[PDB]
**Q** 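Below you will find the structure I want to go over with you.
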Amino acid sequence: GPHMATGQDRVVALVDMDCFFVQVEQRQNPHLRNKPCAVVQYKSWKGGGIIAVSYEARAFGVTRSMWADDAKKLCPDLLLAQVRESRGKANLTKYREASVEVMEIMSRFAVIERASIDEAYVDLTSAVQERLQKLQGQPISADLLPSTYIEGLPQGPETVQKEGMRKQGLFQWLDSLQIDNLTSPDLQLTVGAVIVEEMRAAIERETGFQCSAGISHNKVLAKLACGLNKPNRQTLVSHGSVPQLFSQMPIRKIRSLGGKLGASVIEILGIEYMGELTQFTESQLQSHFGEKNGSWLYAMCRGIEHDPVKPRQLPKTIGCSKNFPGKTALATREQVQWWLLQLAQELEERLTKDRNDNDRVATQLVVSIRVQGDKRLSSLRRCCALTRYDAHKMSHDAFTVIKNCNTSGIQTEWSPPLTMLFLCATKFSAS
DNA sequence: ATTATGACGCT
DNA sequence: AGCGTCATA
Ligand SMILES: [Mn+2]
Ligand SMILES: [Mn+2]
Ligand SMILES: [Mn+2]
């Protein structure tokens, strides 16, 4: 037992913005605040597609992926903000810029890994050691954790309100703590949670945006923790909380297991919950899911994961894409060339801003298309050199690499019609 | 006809 | 390199 690594060496947090694109629009338009509200892209087809939903609107059953016309059936007073359109397409610049606001604040506390437009991991291990340094063995007051939930508590041997339950759990947690031990993982997580309160307070003070967070010993548990008490709260998932938590946790809830692999774990092993994985040897799991996945599952079901928080605050690709669904599919050369130019002009604008802001240049242009009839997201993916930030050159180059995908006899018709265009700049070098 | 992204793994 | 998988607003 004394040699079995417990995966408690790190303190890792995940901070995720609440209903992020909705909050961006609510900051801008005070009339949308504290309302059932959603963000929609486009409009003509079924009212547009919903991509973010306020918690008030969720109460009516409104979700992402829903057509606005259908959401209005559940929630007639639903308010809608539209994604900007530029050069004929949805343009997400407002939300990318709001993201940078939050990421730059988080970066003041620790090096971050940008994991999406609205969330980042933080390795707080070093910051926790120094805060423990300056605490002088002083206990942690509940006042320092005003929005923190301790997963699994309260428990054991009155009160039916939810804030009261949070405090009860927190009280039990702090009561059990050993603040005398600067190496105690539970104490380290608790100090991590104090820092994340500070981080989240700073984000809200300086941007107007609320967020949730999870604190644990690794990225997967931090991510899971974060969702447990959204919105506007943070959750601490201790190592000790994992057996109960995982005993009823569907496998698909764990990050990376929400797709085909997770379904195969369930199918092959005849299990449902994360905790049930503990009954298989590492070699058994490797036999079914491969060396890497098998080792990962073996540790993960015990609450252990080693994936580091990467020091990367900026995306490593900048891309532009557009679907051409139904009968809007591009069937002529002039059409294909027009849209490549629109994408290329947005790409140039974003690339040029990126070079000025971030002292780097992209060196490879990736061009991707989908053809009508193909089930795959992408039908074809080709790269070429990106030597100049020039939209006409990039669009001309993109057309050159896709030129013979056209099985048309004639020059000017495009067959089979294109249902997606994608331009992506990659392979950055310092500049 | 959810769309527009973005990262990582396989071979 | 090109494809697949998984993820997130
Ligand atoms: Mn979010
Ligand atoms: Mn998110
Ligand atoms: Mn989401």
Side-chain angles (χ1 to χ4, degrees), chain A residues 14 16-25 38-54 62-71 81-86 89-96 98-99 102 113-121 209 219-220 223 226-227 252-264 289-293 296 307 310 312 314-329 343 346-347 350 364 366-370 372 374-384 401 419-427:
Chain A
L14 182 275
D16 182 278
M17 309 304 295
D18 296 337
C19 53
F20 185 42
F21 289 11
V22 160
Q23 288 198 88
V24 176
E25 297 293 335
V39 172
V40 71
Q41 98 206 315
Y42 306 118
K43 158 95 172 146
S44 108
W45 188 263
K46 312 183 70 154
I50 293 173
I51 56 172
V53 189
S54 81
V62 180
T63 66
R64 156 177 307 135
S65 86
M66 202 171 274
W67 298 117
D69 286 348
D70 298 331
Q82 297 185 243
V83 175
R84 173 170 152 191
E85 285 172 51
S86 300
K89 63 180 298 296
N91 188 296
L92 306 176
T93 297
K94 188 195 300 182
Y95 314 107
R96 288 192 187 95
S99 177
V102 175
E113 178 177 353
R114 180 201 198 267
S116 81
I117 198 166
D118 93 319
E119 75 206 80
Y121 297 91
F209 304 143
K219 288 161 96 185
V220 162
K223 176 61 180 181
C226 183
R252 69 186 176 267
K253 301 303 184 182
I254 273 60
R255 192 188 179 281
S256 87
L257 301 182
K260 293 180 183 177
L261 179 59
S264 69
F289 310 113
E291 185 171 346
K292 192 173 167 290
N293 283 334
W296 183 86
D307 183 40
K310 312 189 159 171
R312 187 188 52 242
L314 309 172
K316 48 167 60 165
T317 62
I318 296 181
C320 293
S321 70
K322 179 151 178 36
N323 287 351
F324 304 94
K327 316 176 183 38
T328 74
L343 287 184
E346 176 181 333
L347 194 53
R350 284 163 60 193
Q364 185 169 68
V366 191
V367 187
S368 180
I369 64 180
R370 187 182 180 190
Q372 173 181 318
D374 197 318
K375 186 187 175 181
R376 296 171 300 172
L377 162 93
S378 171
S379 298
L380 181 131
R381 164 107 70 135
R382 301 274 196 267
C383 66
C384 64
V401 341
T419 55
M420 184 271 295
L421 299 177
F422 182 32
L423 288 181
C424 189
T426 73
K427 303 192 166 166

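Reminder, nothing fancy here: chain letters follow the sequence lines and each chain counts from 1. These values consider heavy atoms only, across backbone and side chains, with no hydrogens, waters or symmetry-generated copies.
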**Q** Looking at OG1 of A:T419 and CG of A:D374, how far apart are the two atoms once the value is rounded to the nearest 0.5 Å?
**A**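 Those atoms lie 8.0 Å apart.
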
**Q** Here's a test of your reading of the structure: between A:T317 and A:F324, which maps to the more 5' nucleotide of DNA chain B?
**A** A:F324

**Q** Looking at every strand, decide which applies to A:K310 at a 4.0 Å heavy-atom threshold: base, sugar-phosphate, or nothing.
**A**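 The residue A:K310 makes sugar-phosphate contact but no base contact.
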
**Q** Just how far is it from atom CE of A:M420 to atom NZ of A:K322, taken to the nearest 0.5 Å?
**A**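 A:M420 atom CE to A:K322 atom NZ measures 12.0 Å (nearest 0.5 Å).
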
**Q** What is the distance from atom CZ of A:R114 to atom NZ of A:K310, rounded to the nearest 0.5 Å?
**A** 14.0 Å

**Q** Should we count NZ of A:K94 as having more than 12 external heavy atoms under 6.0 Å?
**A**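 Atom NZ in A:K94 is crowded, with more than 12 foreign heavy atoms closer than 6.0 Å.
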
**Q** So, is A:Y42 near the phosphate of B:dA4, with a side-chain N or O under 4.0 Å from OP1 or OP2?
**A**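 Yes.
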
**Q** Heavy-atom count around A:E291 CD within 6.0 Å, excluding the residue itself: above 12?
**A** no

**Q** Is there a side chain to side chain contact (heavy atoms under 4.5 Å, CB included) between A:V83 and A:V39? Walk through the geometry before answering.
**A** CA-CA 7 Å; A:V83 175; A:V39 172; 3.8 Å; yes

**Q** Which label fits A:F21 and A:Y95: parallel for a plane angle under 30°, tilted from 30 to 60°, or perpendicular past 60°?
**A**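 Because their plane-to-plane angle is under 30°, the rings of A:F21 and A:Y95 count as parallel.
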
**Q** What is the distance from CD of A:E346 to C1' of B:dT5, rounded to the nearest Å?
**A** 11 Å

**Q** Establish, with yes or no, whether the OP1 or OP2 oxygen of B:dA4 is under 4.0 angstrom from a side-chain nitrogen or oxygen of A:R84.
**A** no

**Q** Taking 4.0 Å as the cut-off, does a side-chain nitrogen or oxygen of A:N323 come that near to OP1 or OP2 on B:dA4?
**A**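 Indeed, a polar side-chain atom of A:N323 lies that close.
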
**Q** Quick one: A:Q364 CD to C:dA1 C1', roughly how many Å, whole number?
**A** 8 Å

**Q** Only counting residues at least two apart or in another chain, list the ones meeting salt bridge (charged side-chain N to carboxylate O under 4.0 Å, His left out) with A:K316.
**A** none

**Q** Report yes if at least one side-chain N or O of A:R370 is closer than 4.0 Å to OP1 or OP2 of B:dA4; otherwise report no.
**A** no

**Q** In this structure, how many angstroms lie between the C1' atom of B:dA1 and the CG atom of A:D69, rounded?
**A** 13 Å

**Q** Any chance you could list the contact pattern along nucleotides 3-9 of chain C? Use B for base contacts, S for sugar-phosphate-only contacts and - for none, protein heavy atoms under 4.0 Å, 5' to 3'.
**A** SSSSSSB

**Q** Of A:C320 and A:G326, whose nearest nucleotide on DNA chain B comes first from the 5' end?
**A** A:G326

**Q** Classify the nucleic acid contact of A:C424 as base, sugar-phosphate or nothing, counting any heavy atom under 4.0 Å across all strands shown.
**A** nothing

**Q** In whole angstrom, what separates A:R350's CZ from B:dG6's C1'?
**A** 10 Å

**Q** Take atom CE of A:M66 and atom P of B:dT3, then tell me their distance rounded to the nearest Å.
**A**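 It is 15 Å, rounded to the nearest whole Å.
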
**Q** Expressed as a whole number of Å, how far does the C1' atom of B:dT2 sit from that of C:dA7?
**A** 15 Å

**Q** Under 4.0 Å, counting only non-hydrogen atoms across every strand here, what does A:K322 touch: a base, just sugar-phosphate, or nothing?
**A**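 Contact class for A:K322: sugar-phosphate only.
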
**Q** Ignoring backbone atoms, test whether A:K89 places a side-chain nitrogen or oxygen under 4.0 Å from the OP1 or OP2 oxygen of B:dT5.
**A**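 Yes, such a contact exists.
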
**Q** Please report the distance, rounded to the nearest Å, between CH2 in A:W67 and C1' in B:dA1.
**A**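 Taking CH2 of A:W67 and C1' of B:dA1, I get 5 Å after rounding.
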
**Q** Rounded to whole Å, how long is the line connecting atom NZ of A:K43 with atom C1' of B:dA1?
**A** 16 Å

**Q** In this structure, how many angstroms lie between the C1' atom of B:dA4 and the OH atom of A:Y95, rounded?
**A**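 Those two atoms, OH and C1', are 12 Å apart.
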
